[PDB]
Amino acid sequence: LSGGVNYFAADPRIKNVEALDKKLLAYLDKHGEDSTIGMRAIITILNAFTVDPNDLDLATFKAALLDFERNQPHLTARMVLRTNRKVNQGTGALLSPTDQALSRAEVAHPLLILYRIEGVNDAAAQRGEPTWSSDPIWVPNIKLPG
């Protein structure tokens, strides 16, 4: 993982879908879709995900965040939560044109963008096309500063 590059999980899995979804949606209401958030809270959210290291290396990213904690204790992560997203699994891309520009413009804060995708699996699975591991799903996109 190099700085200044977006990485998103192509095929994420959630340990407990309802618990994470309830958690993220409660956060979205309480704190907004675009906020800053402490490192430990980011980590906790990331731990709710299971992703193959070759797809998205969450361990390394988390390690990088902890390094930021020790080196820059005041540094916070930026978190963007989008809902009602409609992206099919396996298309090779996640972010909207707006979030592309957003992430390119963010060069100070470690950035986590979460996309909530719902009501997409049935149509795709009915026509034998790739599906997300759950409905609804949250898809993570990370970007380190630099």
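Note that residue numbering begins at 1 and tracks the sequence as displayed.
Practice prompt. Would you mind comparing 32-40 and 52-60 for me and telling me which has the higher average C-alpha temperature factor in the entry?
Written response: Looking at the record's C-alpha B-factors, the answer is 52-60.
Discussion item. Can you tell me whether 18-26 has a higher mean C-alpha B factor than 119-127 in this record, or the other way round?
Written reply: Higher mean C-alpha B-factor: 119-127.
Worksheet item: Between 65, 102, 114, 87, which one tops the list for C-alpha B-factor in the PDB entry?
Response: In this record, 65 carries the highest C-alpha B-factor of the candidates.
Practice prompt. Would you check the entry's CA temperature factor for residue 79 and let me know if it's in the chain's lowest, middle or highest third?
Written response: It falls in the bottom third of the chain.
Item to complete: Could you look up the Cα B-factor of residue 5 in the entry and say which third of the chain it sits in: lowest, middle or highest?
Response: Middle third, going by the recorded CA B-factors of the chain.
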